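Asker: This structure is in structure tokens; I'll ask about it shortly.
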2 protein chains.
Amino acid sequence: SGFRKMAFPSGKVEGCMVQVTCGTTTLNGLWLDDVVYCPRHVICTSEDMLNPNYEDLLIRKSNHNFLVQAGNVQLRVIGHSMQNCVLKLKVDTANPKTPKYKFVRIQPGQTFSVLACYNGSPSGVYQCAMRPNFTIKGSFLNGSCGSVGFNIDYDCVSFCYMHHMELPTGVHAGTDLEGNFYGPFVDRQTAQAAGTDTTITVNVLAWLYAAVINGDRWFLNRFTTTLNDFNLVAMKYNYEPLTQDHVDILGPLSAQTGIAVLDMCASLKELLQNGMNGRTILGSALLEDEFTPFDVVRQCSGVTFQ
Amino acid sequence: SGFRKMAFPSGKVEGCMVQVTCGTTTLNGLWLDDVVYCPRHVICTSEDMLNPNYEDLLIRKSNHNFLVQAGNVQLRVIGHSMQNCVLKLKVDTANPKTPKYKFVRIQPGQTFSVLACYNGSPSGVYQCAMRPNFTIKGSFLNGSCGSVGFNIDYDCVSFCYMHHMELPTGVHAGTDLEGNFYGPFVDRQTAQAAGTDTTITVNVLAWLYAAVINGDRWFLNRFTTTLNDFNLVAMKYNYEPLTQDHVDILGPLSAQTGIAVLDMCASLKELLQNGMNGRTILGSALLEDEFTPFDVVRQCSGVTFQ
Ligand SMILES: *CC(=O)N1CCN(Cc2cccc(Cl)c2)[C@H](CC(C)C)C1
Ligand SMILES: *CC(=O)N1CCN(Cc2cccc(Cl)c2)[C@H](CC(C)C)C1
């Protein structure tokens with residue numbers, strides 16, 4: 001029993017992190033096969049970030065201007081290209097620890113593990129979710145750029161995030177591994193505002209099912225509700241509207257606990273209106289939305305990986 | 001910026017997990033050099049656990065009764081011994097991925113990362129703390145026994161915990177790598193009660209310093225207090241008493257934020273008496289005590305490992 005905010009094992013990702021240095025800027029890179037991926041603002045200076053012309057800046061750089069370093073192994077750049085907001089540095093040596101990887105662009109509400117790195121060296125791992133406003137509430141310092149987010153499907157590593165910048169508000173924004181930003185953000189030092197951050201309702205419901213599995217059942221009430229009447233209350237408290245696809249995903253959790261999804265929605269509706277009365281659920285005084293229904297099933301069944 | 005419950009990278013530990021099977025019982029083992037460590041109750045059946053005589057049970061076992069499996073590599077046991085509550089299965093092949101390791105027995109209040117495993121395969125990683133009652137609030141299912149807890153000091157892995165059993169109350173108990181249980185627990189299926197679980201005060205203070213670093217300063221008040229008057233209030237709410245050694249550890253955090261330790265204690269005293277007024281600190285509606293002062297300095301400075 002028990003429930004923890006659990007991250008994936010980072011072993012297969014640690015062997016892919018390298019140190020990228022262009023001039024004076026140094027950040028992290030992802031070494032897969034004979035290609036190194038890194039944020040393109042590594043070619044910028046402290047003064048270029050206010051309004052960078054990346055095309056003009058990249059012209060003044062050649063293959064010998066970039067220095068990729070894998071611990072103590074010195075790599076050599078053969079070709080360089082700019083795919084959207086990431087650089088593709090083609091090197092001579094293929095990474096012998098390249099796992100079965102895959103590039104994926106996740107949707108808001110999904111979760112992934114972040115391997116925070118500095119100077120190409122792993123520092124820590126934590127789990128987080130893509131907020132509805134396409135930001136993440138992570139833990140990043142200067143030099144952590146190039147750190148990647150990922151999921152693991154048995155023997156396959158699914159890279160889905162690369163850290164690019166910290167907003168003036170304290171939240172974090174990045175791209176997929178093809179260089180496309182999550183959200184309307186651009187990689188320049190300017191005031192950029194994120195949208196309203198709402199609560200992932202389908203995740204909260206999965207979290208309540210995990211609570212029933214682990215013994216916390218005080219929030220189970222006598223009432224039921226309709227899908228429209230729940231969304232009417234949910235939108236008042238800035239919650240994502242629940243769809244029929246969300247009910248289908250929660251099917252297995254409903255069958256294991258014997259509690260209908262609409263009955264669980266009625267319990268959540270009463271919690272949103274009356275609060276938590278100073279009590280806790282799974283050791284938390286707030287409603288958590290960083291657990292997808294698949295995360296709950298995975299932790300409550302013991303799913304392993306390669 | 002940002003603050004997350006961060007675990008250590010698990011790469012160096014993943015390569016040491018093996019599957020141990022004695023008869024019908026199968027759990028996880030730790031393969032370091034040519035020795036495999038695992039809980040000794042792997043030699044028991046479902047009926048032996050009520051009152052096992054491990055010495056008599058181990059006599060009826062030989063070296064060919066244990067089956068250690070490292071993924072797809074079949075190992076062979078040459079000698080077996082029982083050190084307290086763990087088995088030392090001496091094998092023929094030395095683990096080629098054995099890192100610079102070290103066995104340590106942590107004190108209550110310290111934190112470590114847990115690599116939850118099933119059938120010798122890693123499942124997930126999370127950070128937790130040794131409670132004052134020598135239990136941990138983890139996430140373990142059946143078959144997770146043998147999973148280890150660890151810290152990383154640059155290039156050295158410090159193993160400090162091996163999971164042995166789940167109490168009827170839902171909390172978890174285990175041993176160090178020498179087989180000595182943390183707490184007064186014994187490895188048999190009987191009603192065992194843990195002591196009163198108190199709050200690690202020195203950890204809460206370090207967490208409040210992390211909050212000031214990240215912008216949350218609403219809890220900073222006008223008052224100060226004495227070390228005796230704070231402990232008088234702390235013991236009322238089941239908090240660990242603060243010592244002078246705790247003040248010395250919080251020294252660097254005091255110098256970085258410019259806030260005296262006793263001034264931070266006065267803010268905590270008012271929070272314990274008046275509550276949090278429905279507000280949050282670092283996104284939490286409760287006081288967290290699973291961050292040591294070293295954890296805060298590590299995450300707020302960017303400490304990397306090998
Ligand atoms: C992630 C990381 O290492 N950094 C975040 C900011 N980087 C520069 C920057 C500033 C403003 C906007 C953008 Cl898109 C990027 C920093 C890299 C070096 C120190 C210039 C650090
Ligand atoms: C950790 C783990 O795999 N298990 C916890 C309980 N194990 C048996 C048990 C029961 C009661 C007391 C003690 Cl010390 C140990 C289980 C191992 C097999 C299934 C017997 C599972």
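Following the order of the structure tokens, first chain is A, next is B, and so on, with residues numbered from 1 inside each chain and ligands from 1 in the order they appear.
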I need the chain B residues near chain A as a VMD selection string; criterion: at most 7 Å, counting only C-alpha atoms.

Answerer: chain B and resid 1 to 11 14 118 121 to 126 137 to 141 170 285 to 286 302 to 306

Asker: The selected residues should be written to file as a short mmCIF file (atom, residue, chain, number, x, y, z; two decimals), in the first residue's frame (atoms: N, CA, C and O atoms).

Answerer:
data_model
loop_
_atom_site.label_atom_id
_atom_site.label_comp_id
_atom_site.auth_asym_id
_atom_site.auth_seq_id
_atom_site.Cartn_x
_atom_site.Cartn_y
_atom_site.Cartn_z
N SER B 1 14.26 28.71 -10.61
CA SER B 1 13.43 28.68 -9.41
C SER B 1 12.55 27.44 -9.39
O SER B 1 12.64 26.59 -10.27
N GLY B 2 11.68 27.35 -8.39
CA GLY B 2 10.84 26.19 -8.20
C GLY B 2 11.42 25.22 -7.19
O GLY B 2 12.62 25.19 -6.92
N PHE B 3 10.54 24.39 -6.62
CA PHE B 3 10.96 23.43 -5.61
C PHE B 3 10.13 22.17 -5.76
O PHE B 3 8.89 22.22 -5.72
N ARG B 4 10.80 21.04 -5.95
CA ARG B 4 10.16 19.75 -6.16
C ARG B 4 10.75 18.71 -5.22
O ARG B 4 11.93 18.79 -4.86
N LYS B 5 9.93 17.75 -4.82
CA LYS B 5 10.43 16.60 -4.05
C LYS B 5 11.26 15.74 -4.98
O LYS B 5 10.74 14.91 -5.72
N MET B 6 12.58 15.94 -4.93
CA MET B 6 13.50 15.44 -5.95
C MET B 6 14.24 14.21 -5.44
O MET B 6 14.73 14.20 -4.31
N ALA B 7 14.31 13.18 -6.28
CA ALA B 7 15.04 11.97 -5.96
C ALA B 7 16.38 11.96 -6.70
O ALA B 7 16.60 12.72 -7.64
N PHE B 8 17.27 11.09 -6.24
CA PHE B 8 18.55 10.94 -6.90
C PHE B 8 18.40 10.15 -8.19
O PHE B 8 17.46 9.36 -8.33
N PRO B 9 19.30 10.34 -9.16
CA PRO B 9 19.29 9.49 -10.35
C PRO B 9 19.57 8.04 -9.97
O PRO B 9 20.48 7.74 -9.20
N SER B 10 18.77 7.13 -10.54
CA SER B 10 18.79 5.73 -10.13
C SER B 10 19.64 4.85 -11.03
O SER B 10 19.64 3.63 -10.85
N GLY B 11 20.38 5.44 -11.98
CA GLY B 11 21.09 4.63 -12.96
C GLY B 11 22.08 3.67 -12.35
O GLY B 11 22.16 2.50 -12.75
N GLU B 14 20.08 0.72 -10.71
CA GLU B 14 19.35 -0.18 -11.60
C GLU B 14 20.20 -1.37 -12.02
O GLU B 14 19.71 -2.50 -12.10
N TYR B 118 10.28 -4.94 -8.84
CA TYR B 118 9.46 -6.15 -8.82
C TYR B 118 10.07 -7.15 -9.78
O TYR B 118 10.29 -6.84 -10.96
N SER B 121 13.23 -6.00 -11.53
CA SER B 121 13.13 -4.98 -12.56
C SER B 121 12.69 -3.66 -11.95
O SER B 121 11.72 -3.63 -11.18
N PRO B 122 13.37 -2.55 -12.25
CA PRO B 122 12.98 -1.27 -11.66
C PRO B 122 11.61 -0.82 -12.13
O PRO B 122 11.24 -0.98 -13.30
N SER B 123 10.85 -0.25 -11.20
CA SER B 123 9.50 0.24 -11.46
C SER B 123 9.35 1.74 -11.32
O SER B 123 8.64 2.36 -12.11
N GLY B 124 10.02 2.34 -10.35
CA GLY B 124 9.91 3.78 -10.13
C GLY B 124 10.85 4.21 -9.02
O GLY B 124 11.41 3.39 -8.29
N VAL B 125 11.01 5.52 -8.91
CA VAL B 125 11.89 6.13 -7.92
C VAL B 125 11.16 7.27 -7.24
O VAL B 125 10.43 8.03 -7.89
N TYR B 126 11.33 7.39 -5.93
CA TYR B 126 10.73 8.48 -5.17
C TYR B 126 11.59 8.76 -3.94
O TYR B 126 12.39 7.92 -3.51
N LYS B 137 7.01 6.10 5.04
CA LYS B 137 5.72 6.15 4.35
C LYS B 137 5.99 6.06 2.85
O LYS B 137 6.05 7.06 2.14
N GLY B 138 6.17 4.83 2.38
CA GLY B 138 6.51 4.56 1.01
C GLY B 138 5.34 4.06 0.18
O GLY B 138 4.17 4.19 0.56
N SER B 139 5.67 3.48 -0.97
CA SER B 139 4.68 2.88 -1.87
C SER B 139 5.22 1.52 -2.29
O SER B 139 6.06 1.42 -3.19
N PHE B 140 4.73 0.47 -1.63
CA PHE B 140 5.22 -0.89 -1.86
C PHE B 140 4.04 -1.83 -2.03
O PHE B 140 3.06 -1.75 -1.28
N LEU B 141 4.14 -2.73 -3.00
CA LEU B 141 3.20 -3.81 -3.21
C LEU B 141 3.89 -5.14 -2.92
O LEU B 141 5.07 -5.18 -2.56
N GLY B 170 -0.21 0.10 7.50
CA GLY B 170 0.03 0.67 6.19
C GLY B 170 1.39 1.29 6.00
O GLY B 170 1.73 1.65 4.86
N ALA B 285 -0.51 22.99 1.37
CA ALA B 285 -1.34 23.48 2.47
C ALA B 285 -0.93 22.91 3.82
O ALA B 285 -1.61 23.17 4.82
N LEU B 286 0.14 22.12 3.87
CA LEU B 286 0.65 21.57 5.11
C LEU B 286 2.14 21.86 5.22
O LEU B 286 2.80 22.21 4.24
N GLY B 302 22.28 23.44 -7.32
CA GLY B 302 22.58 22.66 -8.50
C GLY B 302 23.76 21.72 -8.33
O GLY B 302 24.75 21.82 -9.05
N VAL B 303 23.65 20.81 -7.38
CA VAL B 303 24.71 19.83 -7.12
C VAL B 303 24.50 18.63 -8.04
O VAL B 303 23.41 18.05 -8.08
N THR B 304 25.55 18.26 -8.77
CA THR B 304 25.51 17.15 -9.70
C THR B 304 26.32 15.97 -9.16
O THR B 304 27.06 16.08 -8.19
N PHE B 305 26.16 14.83 -9.83
CA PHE B 305 26.82 13.60 -9.43
C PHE B 305 27.46 12.95 -10.66
O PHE B 305 27.27 13.40 -11.79
N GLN B 306 28.23 11.89 -10.41
CA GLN B 306 28.93 11.17 -11.47
C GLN B 306 27.96 10.41 -12.37
O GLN B 306 27.67 10.84 -13.49
#

Asker: Output the neighbourhood of ligand 2 as a PDB file with N, CA and C atoms, in the first residue's frame, that is, all protein and nucleic acid residues with some atom at most 10 Å from the ligand, counting only C-alpha atoms and all ligand atoms.

Answerer:
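The result, stored in result_11.pdb:
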ATOM      1  N   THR B  24       9.488 -21.306  -3.981  1.00  0.00           N
ATOM      2  CA  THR B  24       8.407 -20.600  -4.652  1.00  0.00           C
ATOM      3  C   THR B  24       8.413 -19.097  -4.412  1.00  0.00           C
ATOM      4  N   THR B  25       9.122 -18.620  -3.393  1.00  0.00           N
ATOM      5  CA  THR B  25       9.162 -17.194  -3.097  1.00  0.00           C
ATOM      6  C   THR B  25      10.161 -16.490  -4.007  1.00  0.00           C
ATOM      7  N   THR B  26       9.755 -15.337  -4.534  1.00  0.00           N
ATOM      8  CA  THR B  26      10.586 -14.548  -5.437  1.00  0.00           C
ATOM      9  C   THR B  26      10.516 -13.087  -5.023  1.00  0.00           C
ATOM     10  N   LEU B  27      11.675 -12.488  -4.753  1.00  0.00           N
ATOM     11  CA  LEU B  27      11.765 -11.070  -4.421  1.00  0.00           C
ATOM     12  C   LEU B  27      13.033 -10.513  -5.061  1.00  0.00           C
ATOM     13  N   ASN B  28      13.400  -9.294  -4.673  1.00  0.00           N
ATOM     14  CA  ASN B  28      14.524  -8.588  -5.270  1.00  0.00           C
ATOM     15  C   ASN B  28      15.786  -8.759  -4.430  1.00  0.00           C
ATOM     16  N   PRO B  39      16.297 -10.070   1.576  1.00  0.00           N
ATOM     17  CA  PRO B  39      15.673 -10.393   2.866  1.00  0.00           C
ATOM     18  C   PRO B  39      15.668 -11.893   3.112  1.00  0.00           C
ATOM     19  N   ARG B  40      15.941 -12.276   4.363  1.00  0.00           N
ATOM     20  CA  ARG B  40      16.055 -13.692   4.693  1.00  0.00           C
ATOM     21  C   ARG B  40      14.711 -14.408   4.690  1.00  0.00           C
ATOM     22  N   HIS B  41      13.593 -13.679   4.717  1.00  0.00           N
ATOM     23  CA  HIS B  41      12.306 -14.364   4.691  1.00  0.00           C
ATOM     24  C   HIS B  41      11.961 -14.915   3.314  1.00  0.00           C
ATOM     25  N   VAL B  42      12.872 -14.812   2.342  1.00  0.00           N
ATOM     26  CA  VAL B  42      12.670 -15.452   1.049  1.00  0.00           C
ATOM     27  C   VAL B  42      12.683 -16.968   1.181  1.00  0.00           C
ATOM     28  N   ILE B  43      13.308 -17.498   2.238  1.00  0.00           N
ATOM     29  CA  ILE B  43      13.330 -18.941   2.473  1.00  0.00           C
ATOM     30  C   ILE B  43      12.081 -19.443   3.175  1.00  0.00           C
ATOM     31  N   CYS B  44      11.128 -18.567   3.470  1.00  0.00           N
ATOM     32  CA  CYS B  44       9.919 -18.943   4.185  1.00  0.00           C
ATOM     33  C   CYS B  44       8.774 -19.206   3.215  1.00  0.00           C
ATOM     34  N   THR B  45       7.759 -19.900   3.720  1.00  0.00           N
ATOM     35  CA  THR B  45       6.516 -20.110   3.000  1.00  0.00           C
ATOM     36  C   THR B  45       5.437 -19.203   3.587  1.00  0.00           C
ATOM     37  N   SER B  46       4.219 -19.329   3.058  1.00  0.00           N
ATOM     38  CA  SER B  46       3.115 -18.531   3.578  1.00  0.00           C
ATOM     39  C   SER B  46       2.755 -18.931   5.004  1.00  0.00           C
ATOM     40  N   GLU B  47       3.054 -20.170   5.391  1.00  0.00           N
ATOM     41  CA  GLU B  47       2.739 -20.663   6.725  1.00  0.00           C
ATOM     42  C   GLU B  47       3.869 -20.443   7.722  1.00  0.00           C
ATOM     43  N   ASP B  48       5.108 -20.293   7.247  1.00  0.00           N
ATOM     44  CA  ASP B  48       6.236 -20.094   8.150  1.00  0.00           C
ATOM     45  C   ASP B  48       6.260 -18.700   8.764  1.00  0.00           C
ATOM     46  N   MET B  49       5.588 -17.724   8.150  1.00  0.00           N
ATOM     47  CA  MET B  49       5.764 -16.331   8.550  1.00  0.00           C
ATOM     48  C   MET B  49       5.152 -16.009   9.908  1.00  0.00           C
ATOM     49  N   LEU B  50       4.227 -16.832  10.404  1.00  0.00           N
ATOM     50  CA  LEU B  50       3.613 -16.539  11.696  1.00  0.00           C
ATOM     51  C   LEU B  50       4.615 -16.681  12.835  1.00  0.00           C
ATOM     52  N   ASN B  51       5.517 -17.654  12.743  1.00  0.00           N
ATOM     53  CA  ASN B  51       6.528 -17.864  13.770  1.00  0.00           C
ATOM     54  C   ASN B  51       7.720 -18.604  13.175  1.00  0.00           C
ATOM     55  N   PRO B  52       8.534 -17.943  12.353  1.00  0.00           N
ATOM     56  CA  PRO B  52       9.619 -18.650  11.665  1.00  0.00           C
ATOM     57  C   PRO B  52      10.848 -18.822  12.544  1.00  0.00           C
ATOM     58  N   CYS B  85      19.166 -10.154   9.523  1.00  0.00           N
ATOM     59  CA  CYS B  85      17.918 -10.372   8.804  1.00  0.00           C
ATOM     60  C   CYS B  85      18.090 -10.403   7.289  1.00  0.00           C
ATOM     61  N   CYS B 117      11.201  -2.009  -6.942  1.00  0.00           N
ATOM     62  CA  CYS B 117      11.451  -3.032  -7.944  1.00  0.00           C
ATOM     63  C   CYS B 117      10.497  -4.201  -7.753  1.00  0.00           C
ATOM     64  N   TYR B 118      10.276  -4.941  -8.839  1.00  0.00           N
ATOM     65  CA  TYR B 118       9.459  -6.147  -8.822  1.00  0.00           C
ATOM     66  C   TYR B 118      10.072  -7.152  -9.783  1.00  0.00           C
ATOM     67  N   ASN B 119      10.356  -8.354  -9.277  1.00  0.00           N
ATOM     68  CA  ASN B 119      11.020  -9.405 -10.050  1.00  0.00           C
ATOM     69  C   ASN B 119      12.377  -8.933 -10.569  1.00  0.00           C
ATOM     70  N   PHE B 140       4.733   0.468  -1.628  1.00  0.00           N
ATOM     71  CA  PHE B 140       5.217  -0.885  -1.864  1.00  0.00           C
ATOM     72  C   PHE B 140       4.040  -1.832  -2.028  1.00  0.00           C
ATOM     73  N   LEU B 141       4.142  -2.725  -3.003  1.00  0.00           N
ATOM     74  CA  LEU B 141       3.196  -3.809  -3.206  1.00  0.00           C
ATOM     75  C   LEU B 141       3.894  -5.136  -2.922  1.00  0.00           C
ATOM     76  N   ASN B 142       3.149  -6.228  -3.083  1.00  0.00           N
ATOM     77  CA  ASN B 142       3.721  -7.553  -2.886  1.00  0.00           C
ATOM     78  C   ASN B 142       4.764  -7.837  -3.961  1.00  0.00           C
ATOM     79  N   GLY B 143       5.928  -8.322  -3.537  1.00  0.00           N
ATOM     80  CA  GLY B 143       7.046  -8.557  -4.421  1.00  0.00           C
ATOM     81  C   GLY B 143       8.067  -7.441  -4.453  1.00  0.00           C
ATOM     82  N   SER B 144       7.769  -6.295  -3.842  1.00  0.00           N
ATOM     83  CA  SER B 144       8.695  -5.172  -3.786  1.00  0.00           C
ATOM     84  C   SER B 144       9.784  -5.352  -2.741  1.00  0.00           C
ATOM     85  N   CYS B 145       9.720  -6.413  -1.941  1.00  0.00           N
ATOM     86  CA  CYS B 145      10.720  -6.631  -0.908  1.00  0.00           C
ATOM     87  C   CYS B 145      12.082  -6.887  -1.537  1.00  0.00           C
ATOM     88  N   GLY B 146      13.124  -6.379  -0.885  1.00  0.00           N
ATOM     89  CA  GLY B 146      14.446  -6.341  -1.455  1.00  0.00           C
ATOM     90  C   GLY B 146      14.787  -5.037  -2.141  1.00  0.00           C
ATOM     91  N   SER B 147      13.784  -4.211  -2.445  1.00  0.00           N
ATOM     92  CA  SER B 147      14.049  -2.883  -2.977  1.00  0.00           C
ATOM     93  C   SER B 147      14.846  -2.077  -1.962  1.00  0.00           C
ATOM     94  N   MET B 162      16.756  -1.469   3.068  1.00  0.00           N
ATOM     95  CA  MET B 162      16.201  -2.568   2.290  1.00  0.00           C
ATOM     96  C   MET B 162      14.818  -2.882   2.839  1.00  0.00           C
ATOM     97  N   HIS B 163      13.828  -2.933   1.952  1.00  0.00           N
ATOM     98  CA  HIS B 163      12.443  -3.091   2.370  1.00  0.00           C
ATOM     99  C   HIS B 163      12.162  -4.537   2.755  1.00  0.00           C
ATOM    100  N   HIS B 164      11.512  -4.725   3.900  1.00  0.00           N
ATOM    101  CA  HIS B 164      11.266  -6.059   4.434  1.00  0.00           C
ATOM    102  C   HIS B 164       9.799  -6.387   4.639  1.00  0.00           C
ATOM    103  N   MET B 165       8.978  -5.427   5.067  1.00  0.00           N
ATOM    104  CA  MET B 165       7.600  -5.760   5.404  1.00  0.00           C
ATOM    105  C   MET B 165       6.744  -4.505   5.485  1.00  0.00           C
ATOM    106  N   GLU B 166       5.438  -4.717   5.368  1.00  0.00           N
ATOM    107  CA  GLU B 166       4.433  -3.676   5.525  1.00  0.00           C
ATOM    108  C   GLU B 166       3.650  -3.953   6.804  1.00  0.00           C
ATOM    109  N   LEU B 167       3.617  -2.975   7.704  1.00  0.00           N
ATOM    110  CA  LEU B 167       2.878  -3.128   8.943  1.00  0.00           C
ATOM    111  C   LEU B 167       1.377  -3.163   8.662  1.00  0.00           C
ATOM    112  N   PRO B 168       0.594  -3.788   9.547  1.00  0.00           N
ATOM    113  CA  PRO B 168      -0.869  -3.758   9.377  1.00  0.00           C
ATOM    114  C   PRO B 168      -1.452  -2.357   9.339  1.00  0.00           C
ATOM    115  N   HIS B 172       5.761   1.201   6.412  1.00  0.00           N
ATOM    116  CA  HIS B 172       6.743   0.232   5.949  1.00  0.00           C
ATOM    117  C   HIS B 172       7.973   0.233   6.847  1.00  0.00           C
ATOM    118  N   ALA B 173       8.558  -0.951   7.017  1.00  0.00           N
ATOM    119  CA  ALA B 173       9.723  -1.133   7.870  1.00  0.00           C
ATOM    120  C   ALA B 173      10.751  -1.987   7.144  1.00  0.00           C
ATOM    121  N   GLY B 174      12.020  -1.751   7.458  1.00  0.00           N
ATOM    122  CA  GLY B 174      13.095  -2.479   6.827  1.00  0.00           C
ATOM    123  C   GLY B 174      14.367  -2.415   7.644  1.00  0.00           C
ATOM    124  N   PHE B 185      11.280  -3.607  15.179  1.00  0.00           N
ATOM    125  CA  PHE B 185      10.485  -4.535  14.391  1.00  0.00           C
ATOM    126  C   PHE B 185      11.243  -5.831  14.137  1.00  0.00           C
ATOM    127  N   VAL B 186      10.485  -6.920  14.027  1.00  0.00           N
ATOM    128  CA  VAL B 186      11.017  -8.240  13.721  1.00  0.00           C
ATOM    129  C   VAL B 186      10.333  -8.757  12.464  1.00  0.00           C
ATOM    130  N   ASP B 187      11.053  -9.589  11.711  1.00  0.00           N
ATOM    131  CA  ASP B 187      10.565 -10.087  10.424  1.00  0.00           C
ATOM    132  C   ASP B 187       9.742 -11.360  10.635  1.00  0.00           C
ATOM    133  N   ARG B 188       8.545 -11.157  11.183  1.00  0.00           N
ATOM    134  CA  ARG B 188       7.565 -12.222  11.334  1.00  0.00           C
ATOM    135  C   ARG B 188       6.174 -11.615  11.229  1.00  0.00           C
ATOM    136  N   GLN B 189       5.213 -12.437  10.817  1.00  0.00           N
ATOM    137  CA  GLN B 189       3.840 -11.983  10.598  1.00  0.00           C
ATOM    138  C   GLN B 189       3.119 -11.942  11.939  1.00  0.00           C
ATOM    139  N   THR B 190       3.255 -10.816  12.638  1.00  0.00           N
ATOM    140  CA  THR B 190       2.573 -10.616  13.908  1.00  0.00           C
ATOM    141  C   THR B 190       2.243  -9.140  14.060  1.00  0.00           C
ATOM    142  N   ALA B 191       1.295  -8.856  14.951  1.00  0.00           N
ATOM    143  CA  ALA B 191       0.876  -7.483  15.211  1.00  0.00           C
ATOM    144  C   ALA B 191       2.021  -6.715  15.859  1.00  0.00           C
ATOM    145  N   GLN B 192       2.570  -5.740  15.136  1.00  0.00           N
ATOM    146  CA  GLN B 192       3.643  -4.895  15.640  1.00  0.00           C
ATOM    147  C   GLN B 192       3.228  -3.439  15.503  1.00  0.00           C
TER     148      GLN B 192
END

Asker: If we count only C-alpha atoms and set the cut-off at 12 Å, which residues sit around residue 90 of chain B, ignoring sequence neighbours fewer than 6 positions away in its own chain? Please answer as a VMD selection string.

Answerer: chain B and resid 30 to 38 63 to 64 66 to 68 75 to 82
